[PDB]
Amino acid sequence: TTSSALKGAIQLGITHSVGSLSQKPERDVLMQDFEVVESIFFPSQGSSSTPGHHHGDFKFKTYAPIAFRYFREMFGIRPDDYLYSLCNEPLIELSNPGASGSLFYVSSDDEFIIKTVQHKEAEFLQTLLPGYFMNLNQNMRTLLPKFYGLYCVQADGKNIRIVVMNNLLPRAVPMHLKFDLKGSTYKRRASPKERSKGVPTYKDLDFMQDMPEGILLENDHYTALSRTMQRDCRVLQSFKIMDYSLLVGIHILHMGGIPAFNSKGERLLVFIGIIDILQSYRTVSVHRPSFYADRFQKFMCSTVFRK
């Protein structure tokens, strides 16, 4: 089991990483804080300020600790709630629907998602942090991932790098339709394999067909979305990012999401988040990520959400 040893190191390291930070007195984030990486060592034998364990010897790299303290706080994630949910209840794997070799876990209480990430991606997240902070403090209705932490586990010379972020679609509300959307069409049909799951993640072409009348929004609700998507896309292309989806969940009826109306007339509440935003191009043209973005919203704000 390569995994049980990964789950272990994670729950171990975060606890030490975040617990040790909670004793140090809180202070503002400085630009200097974003480039910090602190490492702490974990022998199976045990250490002065380190326990021993079933799993093999590893180091636990935690990225930009202070900034994520701030981001967590700013997202209303109480520290020992973070700690309990993540480090004190069995982590749960996930048959990754990602073509990329990245693999996901969730918290037992299903509030957090952990995803693994390319070394390129993690180093880029590290550079996003200023722009992240800036967008977070200007548009608090933003749709981007909510990054709770960035950590690296290194065992036996190999790097596993992770991003703890927010589950957009929790076990809580049952969910009748899901969509991973992009505004592109090629191979945007759920693999017959995916298609037979319980609630399958339908892609674009699936959507234009099964919901051709769309998802309807009140005049007031529609502007808000249209407004902040425009805002996020301007952020995104700024950083020359691509391949990112609008993840969309719909619950039909018979309380914290977006209220909408069906083609037939059903009152339903929608749930959205922008995901897969760490693939930057900082072989693509100068104007290219701009293209991906305009297309992106010109699709969500004309075909996927209507007034």
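Residue indices: 1-based, along the sequence shown.
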Review point. Taking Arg282 and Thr283 as adjacent modelled residues, how many residues of the deposited sequence between them have no coordinates (none, 1 to 3, 4 to 9, 10 or more)?
Key: 10 or more
Check your understanding: What size is the break between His254 and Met255 in terms of deposited sequence residues left without coordinates: none, 1 to 3, 4 to 9, or 10 or more?
Key -> 10 or more
Point to revise | Which of 232-240 and 78-86 has higher mean CA B factor, as the PDB entry lists it | key: 78-86
Study note, to complete from the structure: When mean C-alpha B-factors in the record are compared for 111-119 and 199-207, the larger belongs to 199-207
Check your understanding: Highest CA temperature factor in the entry: which of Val163, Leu144, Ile160, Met140?
Key -> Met140
**Study point:** Residue selected from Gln32, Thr62, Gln45, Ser245 by maximal Cα B factor
**Key:** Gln45
**Study point:** Ranked C-alpha temperature factor of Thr185 among modelled chain residues, by third
**Key:** middle
Check your understanding: Lowest, middle or highest third of the chain for the C-alpha temperature factor of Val270?
Key -> middle
Review point. Comparing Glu38 with the other modelled residues of its chain, is its CA B-factor in the lowest, middle or highest third?
Key: middle
Exercise for review: Going by the recorded CA B-factors, say which third of the chain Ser95 sits in, lowest, middle or highest.
Suggested key: highest
Point to revise | Cα B factor band for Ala293 (lowest, middle or highest third within the chain) | key: lowest
